[PDB]
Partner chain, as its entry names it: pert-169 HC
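Encoded as structure tokens, the following chain is the form deposited without the partner chain, with no partner shown.
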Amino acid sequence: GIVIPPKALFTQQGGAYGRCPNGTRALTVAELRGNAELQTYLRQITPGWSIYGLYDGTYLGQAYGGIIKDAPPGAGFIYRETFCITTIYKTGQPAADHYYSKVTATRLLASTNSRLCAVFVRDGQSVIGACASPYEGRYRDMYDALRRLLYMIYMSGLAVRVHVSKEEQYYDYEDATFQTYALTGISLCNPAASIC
């Protein structure tokens, strides 16, 4: 099952013609579908007979009855108002260390002035996603070091123990079955040294 962007990430003055401002990303219908409160919120803020673009489908103002109609990626961008969510969310959980072993890095992703991310996968399953931005975040200064090793391990098929702080959550990948947090450390596996 997918992960649902919390209502609070809903960019009030959403993007325009599919160009969500930097740091924000087009809400998907799969997402809007599963978020009851956001739908609920939408029915109140939406003026009559207005249509809204989404990455997937479209949203028809309460006049049309509040309809989430599907459509191809980027099709609803024809319309001026696009629903966008802010990619970063402050969980509130403590900044403790959490890590996963035997994972590989895949699925790069980069917005403009935002994070570079990767999906860590163990034997097929997407285990967790990690992001790093030099532009913002608790660990904005460690970006330059991390991206370099992020890169090496992605180019090589090297297993890794990844560290992540659930301090802040990231909603960059749309319709993800996995959670994405802040990258804080990478450690190539070393079984014979108690690493993986």
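Residue numbers count along the first chain shown, from 1.
Same protein, other form: the form deposited with the partner chain bound, not shown, and the subject of what follows.
Asks: Is residue 89 close to the partner chain in the bound PDB entry, meaning a heavy atom pair under 4.5 Å apart or at it?
Replies: So residue 89 does not count as contacting the partner chain.
Asks: According to a 4.5 angstroms non-hydrogen atom cut-off, is residue 13 in contact with the partner chain in the bound PDB entry?
Replies: Answer no; every heavy atom of residue 13 is more than 4.5 Å from the partner chain in the bound PDB entry.
Asks: Do residue 127 and the partner chain share at least one heavy atom pair within 4.5 Å in the bound PDB entry?
Replies: Output for residue 127 is yes: heavy atoms within 4.5 Å of the partner chain.
Asks: Which residues in 106 to 126 have a heavy atom within 4.5 Å of the partner chain in the bound PDB entry?
Replies: Read in sequence order, the residues that approach the partner chain (within 4.5 Å, in the bound PDB entry) are 122, 123, 126.
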